[PDB]
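Just below is one structure, and these are the notes that go with it.
Coordinate-derived values only; no laboratory data. So basically every Cβ, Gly included, is an ideal-geometry build from the backbone, and we count neighbours across all protein chains shown.
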Amino acid sequence: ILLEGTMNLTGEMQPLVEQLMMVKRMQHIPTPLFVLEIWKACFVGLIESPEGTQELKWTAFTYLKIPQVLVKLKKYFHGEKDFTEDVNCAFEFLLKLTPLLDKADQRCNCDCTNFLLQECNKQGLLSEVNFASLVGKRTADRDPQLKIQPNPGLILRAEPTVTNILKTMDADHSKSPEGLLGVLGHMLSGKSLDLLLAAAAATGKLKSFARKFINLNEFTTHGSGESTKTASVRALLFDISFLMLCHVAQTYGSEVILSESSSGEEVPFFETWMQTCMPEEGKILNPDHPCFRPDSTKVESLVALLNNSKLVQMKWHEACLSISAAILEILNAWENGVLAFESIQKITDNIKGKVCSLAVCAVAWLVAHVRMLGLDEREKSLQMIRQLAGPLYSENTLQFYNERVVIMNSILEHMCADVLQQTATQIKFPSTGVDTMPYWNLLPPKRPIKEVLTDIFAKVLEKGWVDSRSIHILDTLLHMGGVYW
Amino acid sequence: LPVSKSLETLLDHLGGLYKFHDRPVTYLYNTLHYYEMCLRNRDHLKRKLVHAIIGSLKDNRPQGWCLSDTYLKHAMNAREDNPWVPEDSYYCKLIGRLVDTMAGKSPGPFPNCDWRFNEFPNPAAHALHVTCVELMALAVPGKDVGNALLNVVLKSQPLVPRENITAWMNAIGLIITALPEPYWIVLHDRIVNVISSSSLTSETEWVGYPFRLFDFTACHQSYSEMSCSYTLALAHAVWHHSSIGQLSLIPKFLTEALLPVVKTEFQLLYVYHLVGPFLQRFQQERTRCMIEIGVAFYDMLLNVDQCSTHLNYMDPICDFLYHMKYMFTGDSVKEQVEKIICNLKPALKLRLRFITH
């Protein structure tokens, strides 16, 4: 259960369910003890391993196991104690694990109340004939334990609860499969955190959300207009949609591009959306295959970088054609020396407001060019300059969302450029965040692969669970060596 | 009592004369071996005497205190207001230094000048310094002190991390070894009072499997850490280091207290685990008490036999007693247990048949 809750948080309609069914068949597990085990697995998560975004994924998986256990109650048992008292004795049992909930509350600072709310949610979903009295009796032991202190600081709304509550209205956000509406519906998304995406991770809206934004992108070809305000609004809308798509890709990836390219007779720009960052380089591939750049708008980016002074008219073609931009950049920076310091000026001009895809293309082409000897390292300094705080309202940036946009740019730069931030010198920490993704290779360089046993297996045998975090490591170990050895 | 008015003057003129040795533990422990039960009222004047006794501690300038100064500052104005509750957390901080004795950064400015005559074979001896005189002024001793010392176990302290609780309990036992009788005797009564008997007799839960619960190192996982089990280790904790003469306390502590509190069998396994793994200390020194421990074992057996529908874990108790007999009692108690072993259940009789020899 930890394994499945760590790899595929979404896209889990019911592979997990049939897997539990088969392992129950191929074993001797009493249903009360089985539901006890799954609930213990849900509770043990979100505590040890994660400290950031992954915690929302964990709570989403926990509150997604509820329709799972509902389908289990529906189709697993039949005519033999059909969930009459199993959940009752299971909850009674797990109530004896008071220190577990104590540690959970100490961790989340609101888990004690959140436990009550999730119990009421389960009751609203599962059987709730008279087990509310059991919840009351359990709270009668829980609450007195907690009536110089951590309560003084946290008095505001609990982040897991607000998310799981507002998920209802998030699935029914607008119920408008169309476009040309107001940006306000999305503007509120710029103020809030990825809580929307966290709720979407419950597989209830992720597919539909991806489809909606895909249709918005494929539809917003900006027609032929001249309303500067409306054109800038639509440009910012497209930018925010692409940022959200890239964030969903960084989070889960395959499922979103699959939901976007499952059926239909069309061909949107799925190339720059499926060749940006993944466990596959495809570096020189971009100069090879997608480099079909006719003379049409071939010098468009050139004239733009020459006389930007960049958001005159709505046009998004340089995304699939920034190859000429990167070529000019490398040829002017140090390869031929066409511009000593004017390269930074041209980069700042290309870093104008309402333009975030340009940074994505720049990072992707830096990742493509890192395949060299690293003796030039021009793209490294280029990306460093691009990631800076340069655009401090220099141009007339009519965005008003530069904060969230810059945060998305930073997190996307963080998820990619991993190899460049590894194969070269470490960056000067342009993050200024809170806690980046801790999950990484974590493979001791000056140590062989012959360490899995004495470092993982002995511990996990002495421990009580599979050490979910280390599991990630195991995954890297899997597709690195051979299954045989 | 007016002798107080005398003593406070003496050091006030000869305090600095103390700059040659500092061992107030052996110099103060005897002063409260049985005075507490009658010092309470006079302890009000001790509310002054502590400010005199710590004054003797004030005659030392090695720069060796950086956190007890918090207690000092919070114990200088309106002493009858502040230091009651938060001391618990403070205690953690204190025992923090203890668990900071091994790998942390405490071996920095704490020890100095010159690890030669300042009683420094191990900084652990610095722990017992204030523990007793902390709140002996008010009615804090007797019960509240023991509860405070044990709150570090049953309740999840914020600073307390769940990967090294072993060393924590070890340090708690190390401290406990240097406290007056009632402080560490009230602990036993609290343990056996309700923890061993919450309900535990009609039907506790399906968790009634004794072995998985009563065994430690289960805390290595974020589950299977029921409070009661913790308390178990707690006992072990002090008995991990107080195993010199304190064990003479448990026979009496058994003979009455453990008798009318046990009905089922897992309570028996619990009290067994509590008393069991120490028979070597009796075979070595307290030979007279192991017979009492054994007759207590057999009394628990007769009690669980008389009040039970059927024994579910027969063979565990069987080979347990087999080990205890063949390895520790030799051939001494053979007669006395007979006067109990004959009146057992027929099944249990056949099961323990070979105890006759």
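Take the alpha-carbon centre of the range B:224-254, take the same for the range A:398-428, and report the distance between them in whole Å. What the calculation gives is 56 Å, centre to centre.
For the range A:1-148, what is one quarter of the convex hull surface built on the Cα atoms, given in nm²?
9.6 nm²
Taking amide H as placed 1.01 Å from N in the peptide plane, B:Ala75 has no amide H partner under 5 Å among residues 5 or more places away or on another chain. Within the range A:339-381, the percentage of alpha carbon pairs spaced more than 17 angstrom apart rounds to 40%. The alpha carbon centroids of the range A:177-253 and the range B:282-301 are separated by 77 Å. When every Cα-Cα distance of the range B:1-99 is counted in 10 angstrom steps from zero, the calculated P(r) takes the values 12, 37, 42, 9, 0 percent. In plain terms, the residue of A:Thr113, B:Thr231, A:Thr397, A:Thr84 with the fewest other Cβ atoms within 10 Å comes first and the most crowded comes last, giving A:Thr84, A:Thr113, A:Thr397, B:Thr231. Projecting the Cα positions of A:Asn121, A:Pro152, A:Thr84 onto the charge dipole of the range A:82-157 (unit charges on Cβ atoms of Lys, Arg, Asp and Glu, taken about the Cα centre) puts A:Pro152 furthest along the positive direction. Helical content of the protein assembly as shown, expressed as a calculated mean residue ellipticity at 222 nm, amounts to -15500 deg cm²/dmol (DSSP H runs of 4 or more residues, -39,500 (n - 2.57) each, divided by residue number, nearest 500).
Plainly put, chain A has a radius of gyration that is 1.01 times its Kirkwood radius, both from alpha-carbon atoms, as the Rg/Rh ratio.
Our note on the geometry: Cα centres of the range B:83-142 and the range B:188-220, 32 Å apart. For A:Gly464, the amide hydrogen comes within under 5 Å of the amide hydrogens of B:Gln221, counting only partners 5 or more places away or on other chains and with H modelled in the peptide plane.
Counts of other chain beta carbons within 10 angstrom of each beta carbon in peptide B:214-222 average 4.
Compute the Cα gyration tensor for the range A:136-261, then decide on rounded, prolate or oblate, letting a ≥ b ≥ c be the square roots of its eigenvalues: rounded whenever a/c is under 1.5, prolate when a/b is larger than b/c in the other cases, and oblate in all that remain. Prolate is the answer for the range A:136-261, as a/c is 1.5 or above and a/b outweighs b/c. Mean sequence separation of contacting Cα pairs (under 8 Å, at least six apart), scaled by the length of the range B:240-310, corresponds to a relative contact order of 47 percent. Think of the protein assembly as shown as a dipole: +1 on every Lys or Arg Cβ, -1 on every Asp or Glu Cβ, centred on the Cα centre; then among B:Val140, A:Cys416, B:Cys66, B:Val140 lies furthest on the positive end.
Considered as an equivalent ellipsoid built on the Cα gyration tensor, the protein assembly as shown has semi-axes of 64, 38, 25 Å, the largest given first. Rounded if a/c is under 1.5, else prolate if a/b beats b/c, else oblate: with a ≥ b ≥ c from the C-alpha gyration tensor eigenvalues square-rooted, which is the range B:59-112? In terms of gyration-tensor shape, oblate. Relative contact order of chain B: what whole-number percent is it, with Cα pairs under 8 angstrom and at least 6 residues apart? That works out to 14 percent. Normalised by 2.2 N^0.38 Å, with N the number of residues, the alpha-carbon radius of gyration of the range A:31-105 equals 1.22. Charged side chains reduced to their Cβ positions (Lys and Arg at +1, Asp and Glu at -1) give the range A:26-120 a dipole of some 280 debye around its Cα centre.
State the dimensionless ratio Rg/Rh of chain B (Rg: radius of gyration of Cα atoms; Rh: Kirkwood radius).
1.03
Rounded to the nearest 20, the size of the Cβ-charge dipole of the protein assembly as shown about its Cα centre is 1500 debye, with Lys and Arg at +1 and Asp and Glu at -1.
For the residues B:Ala178, B:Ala103, B:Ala125, a GNM of chain B with alpha-carbon springs under 10 Å puts the largest fluctuation on B:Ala103. Label the range B:21-174 by shape, choosing from rounded, prolate and oblate, from the square roots a ≥ b ≥ c of the eigenvalues of the Cα gyration tensor; if a/c is under 1.5 it is rounded, and otherwise prolate applies when a/b is larger than b/c, oblate when it is not. Since a/c reaches 1.5 but b/c is at least a/b, the shape of the range B:21-174 is classed as oblate.
Highest mobility in the GNM of chain B, judged by mean-square fluctuation with C-alpha springs under 10 Å and restricted to B:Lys263, B:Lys345, B:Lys143, is found for B:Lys345. Along the axis of the charge dipole computed for chain B (Cβ charges of +1 for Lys and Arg, -1 for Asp and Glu, origin at the Cα centre), the listed residues B:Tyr230, B:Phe282, B:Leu10 are led at the positive end by B:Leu10. Shown in residue order for the range A:449-461 are the 3J(HN,Hα) couplings computed by the Karplus curve 6.51 cos²θ - 1.76 cosθ + 1.60 at θ = phi - 60°: 7, 6, 9, 4, 4, 5, 9, 10, 5, 4, 4, 5, 6 Hz (x for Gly and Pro). Against the compact-protein benchmark of 2.2 N^0.38 Å, the Cα-based radius of gyration of the range B:198-357 scales to 1.06. If the reach is capped at under 17 angstrom between alpha carbons, list the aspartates and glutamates near A:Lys352, excluding any in the same chain fewer than eight residues apart. The reachable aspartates and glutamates, counting only those whose Cα sits under 17 Å from A:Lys352, are A:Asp239, A:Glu300, A:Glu318, A:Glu329, A:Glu342, A:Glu395, A:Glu403. Taking Cα centre as origin and charging only the Cβ of basic (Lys, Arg, +1) and acidic (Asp, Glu, -1) residues, the dipole magnitude of the range A:124-218 rounds to 120 debye. Calculation over all alpha carbon pairs of the range A:269-390 in 10 angstrom steps from 0 returns a P(r) of 12, 47, 36, 5 percent.
Relative contact order of the range A:314-384, please, whole-number percent, based on alpha carbon pairs below 8 angstrom and at least 6 residues apart. Rounded, it is 34 percent for the range A:314-384.
With q set to 0.11, 0.13, 0.20, 0.22 Å⁻¹, the log10 of I(q)/I(0) for the range B:54-145, from the Debye formula over equal scatterers at the Cα positions, is -0.36, -0.50, -1.12, -1.29. Take the convex hull of the alpha carbons in the range A:372-459; its mean projected area over all directions comes to 8.9 nm². Result for chain B in a Gaussian network model with C-alpha springs under 10 Å: among B:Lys93, B:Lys73, B:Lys46, the largest mean-square fluctuation is at B:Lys73.
In angstrom, the C-alpha Rg and Dmax of the range A:88-180 are 16.7, 56. With the Kirkwood sum run over all distinct C-alpha pairs, the range A:323-362 has a hydrodynamic radius of 10.5 Å.
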